[PDB]
Structure formats: structure tokens, C-alpha cells
Amino acid sequence: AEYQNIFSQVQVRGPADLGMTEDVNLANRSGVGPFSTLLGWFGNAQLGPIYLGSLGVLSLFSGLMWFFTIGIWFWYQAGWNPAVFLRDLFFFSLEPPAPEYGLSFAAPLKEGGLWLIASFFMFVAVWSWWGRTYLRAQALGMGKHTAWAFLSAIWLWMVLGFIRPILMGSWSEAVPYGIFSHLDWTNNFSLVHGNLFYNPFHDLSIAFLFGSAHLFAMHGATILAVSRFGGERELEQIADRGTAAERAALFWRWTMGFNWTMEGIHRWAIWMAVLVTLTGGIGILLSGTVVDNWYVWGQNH
Amino acid sequence: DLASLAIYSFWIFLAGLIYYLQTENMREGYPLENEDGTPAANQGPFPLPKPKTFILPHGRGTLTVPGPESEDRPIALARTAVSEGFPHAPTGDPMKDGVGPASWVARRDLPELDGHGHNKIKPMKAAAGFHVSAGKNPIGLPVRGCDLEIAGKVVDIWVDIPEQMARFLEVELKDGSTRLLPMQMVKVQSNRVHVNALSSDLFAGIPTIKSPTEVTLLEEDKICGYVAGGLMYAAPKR
Amino acid sequence: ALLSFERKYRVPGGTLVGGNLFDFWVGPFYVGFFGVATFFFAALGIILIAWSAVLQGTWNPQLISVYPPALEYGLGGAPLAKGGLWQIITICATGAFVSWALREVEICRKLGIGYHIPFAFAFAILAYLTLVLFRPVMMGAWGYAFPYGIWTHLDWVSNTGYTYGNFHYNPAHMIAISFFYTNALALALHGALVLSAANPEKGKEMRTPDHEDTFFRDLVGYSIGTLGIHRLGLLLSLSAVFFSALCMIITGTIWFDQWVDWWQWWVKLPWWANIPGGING
Ligand code: BCL
Ligand code: BCL
Ligand code: BCL
Ligand code: BCL
Ligand code: BCL
Ligand SMILES: COC(C)(C)C/C=C/C(C)=C/C=C/C(C)=C/C=C/C(C)=C\C=C\C=C(C)\C=C\C=C(/C)CC/C=C(\C)CCC=C(C)C
Ligand SMILES: CCCCCCCCCCCC[N+](C)(C)[O-]
Ligand SMILES: CCCCCCCCCCCC[N+](C)(C)[O-]
Ligand SMILES: [Cl-]
Ligand SMILES: [Fe+2]
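What counts as what
- Residues numbered from 1 in each chain as written, not as in the entry; some residues may be left out.
- Chains lettered and ligands numbered in written order.
- Heavy atoms only, no water.
- UniProt positions renumbered as here; feature names shortened; annotations may be inferred.
- Helix = DSSP H or I, 4+ residues; strand = E, 2+ residues; numbered from the N terminus.
- Rg over C-alpha atoms; globule rule 2.2 N^0.38 Å.
- Contact = heavy atoms within 4.5 Å.
- Areas by Shrake-Rupley, 256 points an atom, 1.4 Å probe, with all protein chains shown as cover.
- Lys, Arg positive; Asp, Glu negative; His and termini not counted.
- Charge placed at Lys NZ, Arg CZ, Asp CG, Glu CD.
- Polar contact = N/O pair within 3.5 Å; in protein donor to acceptor, adjacent residues only side chain to side chain.
- Salt bridge = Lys/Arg side-chain N within 4 Å of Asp/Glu carboxyl O.
- Nonpolar A, V, L, I, M, F, W, Y, C, P; charged D, E, K, R; others polar.
- Near = heavy atom within 4 Å.
- Donors = N, O, S within 2.8 Å, 3.2 Å for Na, K, Ca; no water.
- 1 Å grid on protein atoms, 1.4 Å probe; cavity = no way out; pocket = protein on both sides within 12 Å on 5 of 7 lines; lining within 4 Å.
- Points joined across faces, edges and corners; volume = space filled by probe spheres on them.

In the nomenclature of the PDB entry, chain C is known as Reaction center protein L chain of Rhodobacter sphaeroides. In UniProt, chain C has this text filed under Subcellular location: "Cellular chromatophore membrane". Here chain C is described in UniProt, under the heading Sequence similarities, as follows: "Belongs to the reaction center PufL/M/PsbA/D family."

As named in the PDB entry, chain A is Reaction center protein M chain, taken from Rhodobacter sphaeroides. Annotation of chain A in UniProt includes, under Function, the sentence "The reaction center is a membrane-bound complex that mediates the initial photochemical event in the electron transfer process of photosynthesis." Under Subunit, UniProt gives the following word-for-word description of chain A: "Reaction center is composed of four bacteriochlorophylls, two bacteriopheophytins, two ubiquinones, one iron, and three highly hydrophobic polypeptide chains (designated L, M, and H)."

What about the overall build of chain C?
Looking only at helices and strands, chain C has 8 helices and 2 strands in total. When its helices and strands are written in sequence order, chain C yields β-β-α-α-α-α-α-α-α-α. Its C-alpha radius of gyration of 25 Å places chain C more than 25% over the 19 Å reference for a compact globule of 281 residues. For chain C, the C-alpha atoms occupy an extent of roughly 70 × 60 × 35 Å along the three principal directions. Put simply, 61% of the contacts in chain C that link residues at least 6 apart link residues at least 24 apart. For chain C, the accessible area works out to roughly 12,000 Å², and carbon and sulfur atoms hold 72% of it. Distance from the positive charge centre (14 side chains) to the negative charge centre (14 side chains) of chain C: 7 Å.

A short note on the side chain of A:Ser170
Residue and element names in this part refer to chain A. Summarising the element assignment, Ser170 is placed in the loop between helix 4 (145-168) and helix 5 (179-192). Looking at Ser170, its side chain comes within polar contact range of the side chain of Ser172, at 2.7 Å. Those residues in contact with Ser170 that lie beyond four places of it in its chain are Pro99, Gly102, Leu103 and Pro165.

Some details on the UniProt feature "binding site: a ubiquinone" in chain C
UniProt marks C:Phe216 with the feature "binding site: a ubiquinone", using the numbering shown here. Those residues within four positions of C:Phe216 in sequence are excluded, and the remaining contacts are C:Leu189, C:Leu193, C:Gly221, C:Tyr222 and C:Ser223.

Digging into the UniProt feature "transmembrane region" in chain C
Residues and elements named next belong to chain C. According to UniProt, the "transmembrane region" feature falls on residues 32-55, 83-111, 116-138, 171-198 and 225-250. End-to-end, the C-alpha atoms of residues 32-55 are 35 Å apart, and along that stretch the chain is 96% helix and 0% strand. In residues 83-111, the share of helix is 97% and the share of strand is 0%. The end C-alpha atoms are 42 Å apart.

Overview of the interface of chain B and chain C
Each partner contributes to the interface: chain B provides 42 residues, whereas chain C provides 32 residues. Counting across the interface, chain B meets chain C through 1 salt bridge. The partner of B:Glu71 in a salt bridge is C:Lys8, and the shortest N-O contact between them spans 2.8 Å. Connecting chain B to chain C are 11 residue pairs in polar contact. Split into classes, the residues belonging to the side of chain B that touches chain C amount to 23 nonpolar, 8 polar and 11 charged.

Re the site of ligand 2
Ligand 2 sits among 29 residues. The nearest are A:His214, C:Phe97, C:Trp100, C:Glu104 and C:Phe121. Two or more chains meet at ligand 2, and those chains are chains A and C. Taking C:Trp100, its side chain carries an N or O atom lying 3.1 Å from an oxygen atom of ligand 2. A distance of 2.6 Å separates an oxygen atom of ligand 2 from a polar atom in the side chain of C:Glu104. Of all elements in the fold, only helix 6 (200-225) and helix 8 (243-256) of chain A together with helix 1 (33-56), helix 2 (84-111), helix 3 (116-139) and helix 7 (226-249) of chain C reach the threshold of two or more residues within the shell around ligand 2. The dominant element in the shell around ligand 2, judged by the number of residues it contributes, is helix 3 of chain C, at 6 residues. Of the residues contributing to the shell around ligand 2, the split by class is 22 nonpolar, 6 polar and 1 charged.

Considering the coordination of the magnesium atom of ligand 5
Metal coordination angles in their ideal form are 109.5 degrees for the four-donor tetrahedron and 90 or 180 degrees for the six-donor octahedron. Protein coordination of the magnesium atom of ligand 5 is limited to a single donor, C:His173 (NE2), which sits 2.2 Å from the metal. Within the fold, C:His173 resides in helix 5 (residues 171-198).

With respect to empty space enclosed by the protein
By the definition in use, this model includes 8 cavities of 30 Å³ or more. Empty space within the largest cavity amounts to approximately 460 Å³. Lining the largest cavity are 33 residues, with A:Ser8, A:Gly40, B:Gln164, B:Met165 and B:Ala166 positioned closest to its centre. Those elements that place two or more of their residues in the lining of the largest cavity are strand 1 (11-13) of chain A, strand 9 (165-172) of chain B together with helix 6 (209-220) and helix 7 of chain C. The space that makes up the second largest cavity amounts to roughly 180 Å³. Lining of the second largest cavity is provided by 14 residues; of these, A:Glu236, A:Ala239, B:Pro57, B:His58 and B:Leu113 occupy positions nearest its centre. Among the elements that take part in the lining of the second largest cavity, helix 7 (residues 234-239) of chain A stands out by supplying 3 residues, more than any other.

With respect to the site of ligand 4
Close to ligand 4 lie 13 residues; A:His182, A:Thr186, C:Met174, C:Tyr181 and C:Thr182 are nearest. Of the chains in the model, those with residues near ligand 4 are chains A and C. For ligand 4, a nitrogen atom lies 3.2 Å from a polar atom in the side chain of A:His182. Breaking the shell around ligand 4 down by element, the ones donating at least two residues are helix 5 of chain A together with helix 5 of chain C. Among the elements that line the shell around ligand 4, the one with the most residues is helix 5 of chain C, at 6 residues. Across the shell around ligand 4, the residue classes break down as 8 nonpolar, 5 polar and no charged.

In C-alpha cells:
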């Protein structure tokens, strides 16, 4: 008999929202997309519009090329048989060059060259997309927090497939493109380095990953709990504290004696998440380059 | 050893980050006070952070925090014990005096504005193009209180224009006047809208808005605070 | 001490047990009946751990470890120094966590807010009880539970996992990991979005939620919205923990072989099982 505000009871709709203009080149915005009543029960029903300038186009082109380069290799391994493609879809894998080739680009297409090509497309797609997170915020006069947080995820990605392989001396150290294969690579990486549970950066990384679910469950629940006081209108609660923000602060002060403000909790949010891939990248980078066996390392230092 | 230096350095960084986070979360509510409103002796281990200033749009000024704090409203409560740490009993009607779970903050007495400077929330009849797009349309349904008696009828939905969502239900009472009910506090059913937080006889007491086509931040707080306070104080009639 | 706006909320009422008996605060902390219960369970538990440490022969936080009864004890009780203490401490922990949840409910009632927080915390508790209660009882012995030690419990994780090969192949574990990754992604984005609007480029005015929707729509062609993002974070968060619990409640019970081999049912499907070529042919 008491609504919980998890799903909406009634949806309302008005003219398609084309968004704020600011310094955005409207010529690069698409038209609005379809409205989804299904999505409207949980969140917004409106799809689009999206902004696609030159950089965006470049990013989607590389992204797709990356995906298709791997897909072509898969069909090949499947002997071009549709039934085999689906059957072993998770077993197919585009692997990097063998150690023998070091960091060169001389490896044959079916023996590393194709992995390098795919990786080149991924490199361009990811970094150009990073440019988008920065520029889309700049055009709207917004802070660059999103581009900075994204850079943290990019750090772990860069370390795994580019920076560490280079410091190790060969592309063979990089991660392969495959569902089961990248899992196998992950398990093997830990085995070869003496168990990552002995890598302090790995364990901190875990504390932050768990911490992120801990914090978002806390935050999501808190805001919904005070949504009856307009709590989710966070920007205005920051600019003019309401009873929603006061009750949220007191809930946590009375429960665990925490200091809490509407803006401050979002600083806990961005950092808790960002630290996952930040501590993680350092942990991976140090593996093999400076520390061969974390267990052995832990016994000394 | 580079690994030792890195992890050692990281813990230092981490200690600084936690210090920063703790102080950032002190921009509202500090300095701490005694139950009588005076500055408390123990202000905690962290000092207040240097003030920061937010520039508010639409010429509404700025906000600087931390800054001088004051309720800017009367608080109808009184001590129930001779020492700190105990409850403070309402001196009158808590629902009417706005204390306890029925509290409200003295927010700006102006409406929240969207990115274009227009009122963010408007009754649907006054919002061009807006209409119900899914679910049971509550407009026209009778409103029932926790005492299982009908208190009024839904005459409109107040929507958030920029975010296209229902925020309040406008309810007409027997005397012809209307009141706003938080969308998060009503249950829309097939033949009625049920309100568990209030008994029929408490609807007339819901704070009213000065202008019929807009609601200020101050008014929203008084309305939302009042309705929520019914869960505890209307209990006898539930 | 109290926050500058705190007094108006410190009224009587909301308790679930004891009336006004325990309706008071200690510094910033609210007490209530379950505040006392929490203290009781927590105190007794910590004391029993200190005792266990004495019987273990160490006071080092990095070494203190309380292990559950050996498998030979089944689901029966065991001597205190041989699993018994673990059993009592587990009862205390459960009591403390549950009491903490109910204390949150009392706080919710006094503040007039929804019960989402304690409801969400219950999922964490259920994940805990899955590891020390439901799974062990299903497998037939307390010994299958993890020990209470900072480092020893990681040994349990590693040993329990490899007991089934590379645990990565547990399908429910794959779903759980996905929710954890997606959650961190959304937490990073949510924090970054709100902050980028409240702290714009130097000298500019604060942005509006209108700008938040616009930014994300320009970026990916969609915005779940101000209310949606908090609903999403709660959903991703709890779903992650729900599938974690599910991935373990089925391990050692309905499936106890190597998880990698479970995936063979798809490869062995009649219509393509024998077609030459590929990886499995
Ligand atoms: C969840 C699946 C596995 C598990 C797998 C792992 C792995 C893998 C890792 C940890 C790590 C940790 N685990 Mg464990 N661990 C589990 C069950 C638990 C339980 C429990 C009662 O159910 C507890 C209390 C802990 C606690 C801990 C921390 C010591 C440490 C970092 C936690 C963190 O930030 O988390 C997120 C939560 C928060 C950010 C909130 C803050 C809470 C913290 C600070 C409370 C810790 C209390 C601790 C000192 C014990 C208190 C006992 C006293 C007697 C009262 N684990 C189960 C068995 N855990 C990491 C570690 O570094 O280990 C050494 C690590 O790499
Ligand atoms: C389900 C989604 C989320 C999440 C949702 C939430 C929500 C929501 C809430 C919490 C809250 C809590 N969460 Mg969390 N949380 C998650 C994951 C974690 C993990 C982890 C390892 O991942 C940890 C360690 C924690 C820890 C915590 C505590 C800080 C806090 C509960 C305090 C309490 O019961 O005190 C009472 C008990 C005591 C004070 C101590 C009793 C100690 C005795 C009896 C000894 C037992 C020790 C033994 C079992 C373990 C020791 C050994 C270790 C393995 C080394 N959460 C998951 C991922 N969590 C609540 C909160 O207050 O947060 C601030 C809260 O509202
Ligand atoms: C047997 C397995 C080993 C294991 C070996 C590894 C290895 C190896 C690594 C980890 C890493 C991690 N491990 Mg470990 N680890 C194990 C045990 C565990 C346990 C456990 C409970 O037992 C836990 C909780 C964890 C937890 C974790 C994470 C904290 C961390 C990854 C963070 C992350 O978000 O990555 C996910 C985030 C990313 C990968 C970033 C991706 C970024 C961007 C750029 C993506 C671009 C995508 C785009 C182009 C694709 C487009 C798709 C379209 C939308 C369609 N590990 C054991 C001991 N672990 C990582 C780490 O940091 O270690 C320190 C790591 O490399
Ligand atoms: C951190 C240590 C390891 C690692 C350890 C693990 C472990 C352990 C697990 C995963 C899992 C996943 N990992 Mg991995 N993974 C690593 C780095 C990556 C990188 C990368 C670019 O660096 C990518 C793209 C992936 C992607 C994948 C996905 C297949 C799967 C779900 C991820 C997720 O929910 O993301 C969050 C982001 C979103 C959900 C946004 C939406 C995008 C979705 C669709 C993910 C991309 C899928 C895409 C790459 C291809 C699928 C197409 C096929 C035709 C079916 N991993 C590193 C190398 N990863 C889980 C899984 O189910 O494995 C099968 C899993 O259990
Ligand atoms: C070598 C080990 C195996 C493997 C072995 C297993 C095993 C075994 C398990 C997991 C489980 C987990 N693994 Mg695995 N895991 C592997 C690789 C990984 C990788 C990776 C990148 O490779 C990742 C990301 C994961 C991630 C996952 C998660 C899905 C899950 C842990 C979270 C959880 O259960 O929380 C749930 C949250 C909690 C239990 C915390 C609850 C705490 C509450 C109630 C209160 C505590 C408070 C108190 C003590 C506070 C102190 C007091 C005051 C604060 C002062 N695994 C490898 C291959 N994995 C676990 C799981 O699913 O457990 C259910 C698990 O048991
Ligand atoms: C259905 O059919 C078609 C063909 C149409 C499409 C089907 C396609 C399919 C089935 C695609 C499947 C794709 C899969 C399964 C992809 C999986 C990818 C995975 C799991 C994981 C990746 C982890 C990746 C990492 C860590 C990559 C890091 C890469 C980099 C850091 C790039 C480094 C750049 C290099 C090496 C290039 C050199 C660069 C310069 C500038 C010199
Ligand atoms: C900004 C968020 C801060 C909270 C993080 C909690 C840290 C957990 C401590 C355990 C890690 C110990 N170590 C070095 C072995 O990894
Ligand atoms: C919700 C139920 C809470 C109970 C959790 C406690 C589990 C450990 C109990 C050990 C009991 C020993 N024995 C057989 C003598 O009963
Ligand atoms: Cl919160
Ligand atoms: Fe938020």
C-alpha cells in the first residue's frame, strides 16, 4: 500500500527535448529517436538525439573496424560454417604475435599481424572517443570530470595491451580477443606472477570495486528514500539545501557518524570508482616489469 | 624497490584524499552546535575547508559554503531531559509547526528554473504538448486517506518539463480549493488514488501555494514535509 | 554536538521496541533498542575473537584467524577452541548485522523517509549468510564456511575457487562480475556528471539537470535521467550481490565438477555437435 518509487506509476510526455544549445554546433546533432514506453517505467523514454561530428564518425568507424577484424578471424577459424560459428563462438580467439617477434610488426597476418591491426583500430576508437567526452562537455561549458574519470579506465586498458607489453619487450604479453580466451589469460597472468592476492594494488583495487557497489547501493537507496522530498534534484539541493538533503545527512550521521553533503557524496562516488582502475593499472604495470612473484615480494617488503 | 615506493606513496596519497573528502563533506551544517544553538566545544578532528562559491544562473546570485548557518525559522520544540542527547518534544502541533518528520527548510521562496529560465514544474494543463503517455491516468479519480475516507479528487498532474515526469497530483477538496500531493506519496489504483500518510481530515492542513500555476522551493518543502510527517503523526487515524 | 539544522529532527518516536526507553543519542549516534542489541552482539563477538586470539597465541591483526569446525564435525557443535568460537561469533555477527538493519529502520521512521537503505543492506547480509549458513548447511558441514582472518579468508577464496578449476567459468559468477563492472562504470559516470554540472568551467554559472541530459545524449544518444540513475545504481548494486550469492549457493550443491565443463552442453547440441572444423571439431 506504499509506493517505493522503483518503477513509475504514470508516464507523461511532451515535445521531444532537443537539449541545451550553449556552444554546441547544432548542425552535428541528429534528430530525436523513438520513444520507449518500456524504458519509461524505469528511466527516460526518449531516445536521441545524438551528437556526431568528425571525431565521433572516426570513433565509430574504428570501433566497428576493430569488431569486424575480429569477426573475420572468427569466421575463418569456423571454416566459414555458420553452424560452427555459433557453436564455438566463445572459443574463437584473435591472439597477439608470438614472443619471437618481440615488438616488431613483421609477424604474419594469421600469426599476430591481424591482432595488431585490430588493436590499432581499437586504439584510435578509444582515444578519439575520449576526445568526445572532453569536447562534448566543453561545448556545454561543463567541467571535465567525465573525461578525467574515463582516463582512469583508459589507464588500465592502456597498461594491459600497450604499455606493459612494450616494457616487457613483446606483443605476446598483451590480451587476446576472445570470450573464454581473455578469461584464460587472466587466470594465467595471476598464476605466472605468484597469485595476485599478494599484489597490494590488486587487493586495493578489489576494495574499491566492492566499495563502489557498497557506495552506490547506499547512495541509490538514500536518494530514493528522500525522493518524496525531491531528493534526486541534486543540483538544486546543492545550491539551496532542502529537507531532502538534511534528512539524508542525518540518516548517515545518526547511523555511522558520517559527515555528508549532497555534493560531497558525489566526490566519494567519483573517487571510489576511479580508484578501481587507477590502483589496478599500477598493479598490473608493476607485474613482470618490477615484480616477478608477488608472493616472494610480499615475504620481503 | 619501486613496488615498495609506489605502494608507500599511494597510502600517503590516500590519507590526503580521505582528509579532502571528509572536509568537503563539512560545507553544510558546520560549525557544530549545542542543543541551544550556540557553538559546540568539540568541532571534530577536521578544520573547516576554505569557502567555495557557486554562481547561480538566472541572476539569482551565488552560494558560498561553508558560511553562517541559521534556520531562519521558529522551531517549536522543548527539551525533555536535563542533559544532552535526548529527544525534544513538540510544543504544539508538530504537523502544523513543521518539526520532526514534518520538518521543512527555509529554501528560496522562488520556483526552480529550467535551463531556459522557465519554471521547471507546471500543472499539466498549462504545459504545451504534455499529456499522460502510459499507465492509469489519475486525473478525475477520488482520493482516499488512511482513514479510508475520500478527501478530494485529482484535478491535474504537475509535471517536470525538462525531465518530463510527474512530480505532484493536484487534489481538489470539498471547499473547492486544491492542494498538491507528492507523487512519491500516493498509490494510483484503478478506481482511486490512495494516500497512506494522511487521514482525510488532514488534507485541509496541507500548506497551500500562493500562486495557482507555480510552486516555490519553499512551498515544496512545506508540502513534502507535511505529508511525510503524517506517517508518524497521523498514525492514530491510520 | 548537532549539525546547525539538526535539532528540529531530534523528536521522540519511531522506535520498534521499548517505546521511549532507548530513544536517545550518544554524540552523533542514535541508539534505540537495536542500537543496544547491536552493541551487545558486537561486544560479545569482539570479546570472543580476543579470546580466540589468546588461544591462537597471537595479538597481530594480520595473523588472528578464527576457523569454523573441521568437516568431520558436520553440522554439529564443536569444542570452542576447535570451531565452537567460530560458531558463536557467527551468531553474534548475524545478530549485529540484523540489529544494525532494524536500527536503520527505526532511524527511517523518526526521519520520515523510505526504507530503501536497510532493504538494500539486507542483500549484503544475505550474501554473508549464504557463505556461512545456507551453503554450509546445504553441503552438510560448517567447515565449508570461510574463516575470520584478514589474510586467511583470501586463502579460502582462492582454494574454494580452484576446487572447481578456473572459477571464471561459473555462469552465475560471470553475470555477477558484469554487474559489478557496470556498477563502477555508472558510479564513475554519475559522480562525474553531477560534479561537472555543479563545478563548470571557471567563471560560469552552475549547469542544470537539463545540461546533464544534453551531455549524455550528445555523447551516447540517451539519458536515463535524474531519478533513473539512482534507480539504476541500486539495481546494478543489488543484482551484483544477488548473483554473487546465487553463484555460490549452486557451487558444491547442484554443480560440483569443473565449471569449464558445464559449457559443453551447448557444443554438444545434436544439430552441430559433429560438424567438422572450428575449435571443437
Ligand atoms: C566478498 C567475497 C569474499 C571476500 C573476498 C575478498 C577479497 C578477494 C578481498 C577482500 C578484501 C577485504 N575483505 Mg573480504 N571477503 C568476503 C567477506 C568479507 C566480510 C564479511 C563479514 O562477509 C568482511 C568483513 C570482509 C572484509 C574485508 C576487508 C578486510 C578487505 C577490504 C574490504 C572492502 O573495502 O570492502 C568493501 C567495503 C567497504 C569500502 C566499506 C568499508 C568496510 C571495511 C573497511 C571494514 C573491514 C572490517 C575488517 C577490518 C574486519 C572487522 C573485524 C573487527 C573484529 C570488528 N570480507 C567473502 C568471503 N575480500 C580485500 C583485502 O584486501 O583483503 C585483505 C581483498 O583483496
Ligand atoms: C548489497 C550491496 C553492497 C553493500 C550495501 C550496503 C548498505 C546499503 C549498507 C551497508 C552497510 C555496511 N556495509 Mg556494505 N555493501 C556491500 C559490501 C560490503 C562489504 C564487502 C566485503 O564487500 C563490506 C565489508 C561492507 C561493510 C559494510 C559496513 C561498513 C556497514 C555495516 C555495519 C554493521 O553491520 O555494523 C554492525 C556490526 C558491527 C559494528 C561489528 C560486529 C563484529 C563482530 C560481531 C565480528 C564479526 C566479524 C567477522 C564476521 C568478519 C571478520 C573477518 C573479515 C573477513 C576479515 N559492505 C555490498 C556489495 N552496505 C550499512 C552501512 O551503515 O553502511 C555505512 C548499510 O546501510
Ligand atoms: C584467477 C584470477 C585471478 C585474478 C586476476 C586478475 C587480473 C589479471 C587482473 C585482475 C584485475 C582485477 N581483479 Mg582480480 N584476480 C582474481 C581474483 C579476483 C577477485 C576474487 C573475489 O577472487 C576479485 C573481486 C577480483 C577483482 C579484480 C578487479 C578489482 C580488477 C579489475 C577492475 C576492473 O574494473 O576491470 C575492468 C575494467 C577494464 C578492463 C577497463 C576497460 C576500459 C575501456 C577502455 C574499455 C574499452 C571498451 C570498448 C572498446 C569495448 C566496446 C564494447 C561496446 C560497448 C559494445 N579479482 C584471481 C586472484 N585480476 C585487473 C587488475 O587491475 O589487476 C590489478 C587485472 O588486470
Ligand atoms: C580485469 C581483468 C580482465 C578481464 C576479466 C574479466 C572477467 C573475470 C569477466 C569479464 C567479463 C567481461 N569482459 Mg573482461 N576482462 C578484461 C578486460 C576486458 C576488456 C578490455 C577492453 O580491456 C573488455 C572489452 C572486456 C569485456 C568483457 C565482457 C565480455 C564481459 C562483460 C564485461 C562488462 O559487463 O563490462 C561493463 C560494461 C558494459 C556492460 C557496457 C556494455 C558492453 C558489453 C556488451 C561488453 C562488451 C562485450 C564485447 C567485448 C564482445 C561480445 C560479443 C560476442 C559476439 C558475444 N574485458 C581484463 C583483461 N572480464 C565477464 C564475462 O561474462 O566474461 C564472459 C567476466 O566474468
Ligand atoms: C581464485 C579465486 C577465483 C574466484 C573465486 C570466488 C569465490 C570462492 C567466491 C568469489 C566471489 C566473488 N567473486 Mg570470484 N573468483 C575469481 C575471480 C574473480 C574476479 C576476477 C577479475 O578475476 C572478479 C571480479 C570476481 C568477483 C566475484 C564477485 C562476483 C564475488 C565477491 C563479491 C561478493 O560476493 O559480495 C557479497 C558481499 C559480502 C559477502 C559482504 C557482506 C558484509 C556485511 C553483511 C557486513 C560486514 C561488516 C563488518 C564486519 C564491518 C566492520 C565494523 C565497522 C565497519 C567498524 N571474482 C577467481 C577465478 N569468487 C564470492 C561470492 O560470490 O560470494 C557470495 C566467493 O565466495
Ligand atoms: C556476425 O559477423 C560479423 C563478422 C559481421 C561480426 C562479428 C564479430 C564478432 C563475433 C566479434 C567478437 C569480438 C570479441 C569476442 C571481442 C572481445 C574482446 C575482449 C574480450 C577483450 C579485450 C581486452 C582488451 C585489451 C586489454 C586491449 C588492449 C588494446 C590496446 C591497448 C591497443 C594497443 C595498440 C596496439 C597494440 C597497436 C599499435 C599502435 C601504434 C600507435 C603503433
Ligand atoms: C576513497 C575510498 C576509501 C575506502 C577504501 C578501503 C580500504 C580497505 C583496506 C584493505 C586493503 C589492504 N591491502 C594493502 C593489503 O591491500
Ligand atoms: C537466521 C538464522 C541465524 C543463525 C546463524 C548461525 C550459524 C552457526 C550456528 C552453529 C550451531 C551449532 N549447533 C549445531 C550446536 O547448533
Ligand atoms: Cl548517499
Ligand atoms: Fe546522486
